[PDB]
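So here's one chain in two forms, each on its own in structure tokens, numbered structure 1 and structure 2.
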Structure 1
């Protein structure tokens, strides 16, 4: 009865950032993963340097594979507010961030490779 559940795997768009591979998790504080018309969820960003955050359900799609990446970039930059984001949301990733994104997908598909119960166990991170 919810578009996503605990260990589901999702692309997450944050303004300034490229749509990003994430797994949903429980907030290590509130001990929930979701919470008036639009829903949020708790998701941790894949990277060699992971982080977490509450994203809206609206900036959230389920993750089939690395295939969806270019088309999702098209959709967001289809029209983004500034037109220097669009420029940069459409040339392939640059800089410090790039190496981490590559690390992102590797984990992502390695993680689709496994059932929730172990994918959670191996991929929810502690701080």
Structure 2
């Protein structure tokens, strides 16, 4: 059913998790379930790996994903998420630039994602699929 789906394994995406900035990810298979997409059964989720020195993984709703082209998208993603926010505290935090450990890790993720973007889907799957 790959053709009916917005993303496939190896596609680079930005993911939005509450309390975190938009983060560079790669759509991948769940190491235990062996699936990359599912219905939580009307809304679609995708399994993603978060790039960086301390990688993580999650099932994310399609509405919290944006196709990754590059770092230049980040500014508009922050602005759009801020305008879409209900609470004033949420808006303020979204536009506040990342700092410390998290900023360094986000930058490491970008570096990894940009290398992955320059490769074919097959090549990046082989190189950037973090085992679990």
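Residues that one form lacks are left out of the comparison. Residue numbers count along the first chain shown, from 1. Under this definition, the rigid core comprises the largest set of C-alpha atoms superposing within 1.5 Å between the forms.
Note: rigid core superposed between the two structures; among 53, 62, 49, 84, the CA shift is 2 Å or more only at 84. Taking the core as the fixed frame between the two structures, we note the C-alpha of residue 96 moving 1.3 angstrom. The Cα position of residue 21 changes by 0.4 Å between the two structures once both are aligned on the rigid core. Shifted region between the two structures (3+ consecutive residues, every CA moving 2 Å or more on the core fit): 79-88 alone.
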